[PDB]
């Protein structure tokens, strides 16, 4: 409620220029239930979008904690985090999956993953929660299930035009699924994903996605007997190198050595 106050005063806006005066003071002073309808109305007058209001929640709290401890690469703190969330099924499964990256003994069980994938498969419309769960747990989902879920995600996710985060994420996960489809020679799956990815990249900058897609689509061309695909992959590696993206550069260069 008082988040409204600071944002209002932050733009040097008065109550009198924004209902009545005393009415708006209430809520800012906590003397009334405001409906979200009237809240969006006030934020719109202040020229603040709701996407922006949220930026300035259980799942976000967890992510912030994971991010902090994972940046420190501190296994002990992450195991403590795992304990604190052990009673939350999907969340703890995700923590184990993430923790596995820097502690190979930690892994979600087959049954934990199965409970997660059954949930994702049951959702009618994917949001940030489902997208992030799939992304962080992908290493422990077999490919056939991963493609199934990726297909559901792409064909039934929502995103804001004012905030295309979900769209960007779905694009990245679609490309990730694509490079595996090509690894396992599911070229019918690959064909499907290429058309979805091309569509998602339309009228967007997204140079990171285009760069990885240049590599993966080139990888696809090569296995389809098109030699020029090799050029595309080499070009993608140069982009990583030129931008000083060492992790991406050395990571994809290694995939190149293996598969090419």
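Positions refer to the first chain, counted from 1.
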Margin query: Unmodelled residues of the deposited sequence between residue 56 and residue 57: none, 1 to 3, 4 to 9, or 10 or more?
Written below: 4 to 9
Next item on the list: Select one of none, 1 to 3, 4 to 9, or 10 or more to describe the deposited residues without coordinates separating residue 18 and residue 19.
Entry: 4 to 9
Item checked: 34-42 or 194-202, whichever carries the higher mean Cα B-factor -> 34-42
Margin query: Can you tell me whether 61-69 has a higher mean C-alpha B factor than 220-228 in this record, or the other way round?
Written below: 220-228
Check: Per the coordinate record, which of the options 114, 160, 122, 138 holds the highest CA temperature factor?
Finding: 160
Notebook entry, point to check: Going by the entry, which third of its chain does the Cα temperature factor of residue 27 land in?
Noted result: highest
Next item on the list: Just say lowest, middle or highest third for the CA B-factor of residue 108 relative to the other modelled residues in its chain.
Entry: middle
Margin query: When the deposited Cα B-factors of this chain's modelled residues are ordered and cut into thirds, is residue 102 in the lowest, the middle or the highest one?
Written below: highest
